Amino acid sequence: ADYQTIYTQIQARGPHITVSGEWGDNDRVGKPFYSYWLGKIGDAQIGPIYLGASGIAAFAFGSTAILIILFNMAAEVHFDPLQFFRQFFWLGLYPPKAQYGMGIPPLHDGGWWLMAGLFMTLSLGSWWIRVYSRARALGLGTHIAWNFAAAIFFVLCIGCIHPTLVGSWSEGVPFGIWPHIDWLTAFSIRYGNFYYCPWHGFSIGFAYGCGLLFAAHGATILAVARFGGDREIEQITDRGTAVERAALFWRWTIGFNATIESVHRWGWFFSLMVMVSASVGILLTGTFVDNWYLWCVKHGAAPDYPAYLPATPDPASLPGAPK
């Protein structure tokens, strides 16, 4: 066994490294501190952290959203603090229950929801600038920011773009532990079973795919740690035995292989395509498709099964049947 793949047997300590960027060196804040127990399974150093304006803007905007959500949740239990702690998972901030269309809802029936949504959006946009700009400051590509952008686009699709396209704020995702979960079933029911949305399928293929790829890739690199396989940058610019052994492992198993660079492109693409496929599914839902099951039936794609208990006619359709 390579015990090093499980944990660090002997931890190193040394002076804290700082890589200078084009800007912002003065907005780094805190003294680094080391953690013996973290050091067993990862790097021991916690801190420092960069602030900047995008950082502070994001915390200001985020905190505002959380306070609006928490205050409306406290109101739902009439500010009893014990009931608040008990019922927390069941408490939420809801979009409008009535149909105001794109009408700005009153505060008691969706107005706070729309406030909380706006501040969360400005929080995400500020964080996106932080993720993008830190990459540029250190002379790195912007691959992370474009992945992050797909995730943000998806939250925008379920949060305001879909509601806008069908013309009702009532279709938005409530804030809350169980309430946001309840929306998944309401939305699937309203649109005729999300299992029959092909973009739900694509999204799940890529998500399952991300599990397959990170298990495979994580395990491949631990399997060649003995040969410095974790030093993936210099294995890109100067192929070592680590990534030769890795490539041949996969070539001999499945009959083809990536490079230590290209497998990261596979990883990045599969991750991105979870969010892109999901977004395309939501854009089509309610705009161009009302019932996903009946859409599959219309295209010959839906399976049928024999009766087991007798087929049951719609009573609504029988002669002399009440409303």
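Sequential numbering from 1, following the sequence displayed.
The PDB entry records a higher mean C-alpha B factor for 102-110 than for its counterpart among 102-110 and 218-226. Looking at mean Cα B-factors across 15-23 and 300-308, the upper value is held by 15-23. Between the residues 293, 33, 268, 256, the entry's highest C-alpha temperature factor is the one at 33. In this entry, the residue among 284, 46, 260, 273 with the greatest C-alpha B factor is 46.
Annotation for residue 85: C-alpha temperature factor in the highest third relative to the rest of the modelled chain, per the entry. Remark: residue 289 belongs to the middle third of its chain, ranked by C-alpha B-factor as recorded.
When the CA B factors of the chain's modelled residues are split into thirds, the value for residue 38 lands in the highest one. In this PDB entry, residue 150 carries a Cα temperature factor that places it within the lowest third of its chain's modelled residues. The deposited CA B-factor of residue 71 belongs to the highest third of values across its chain.
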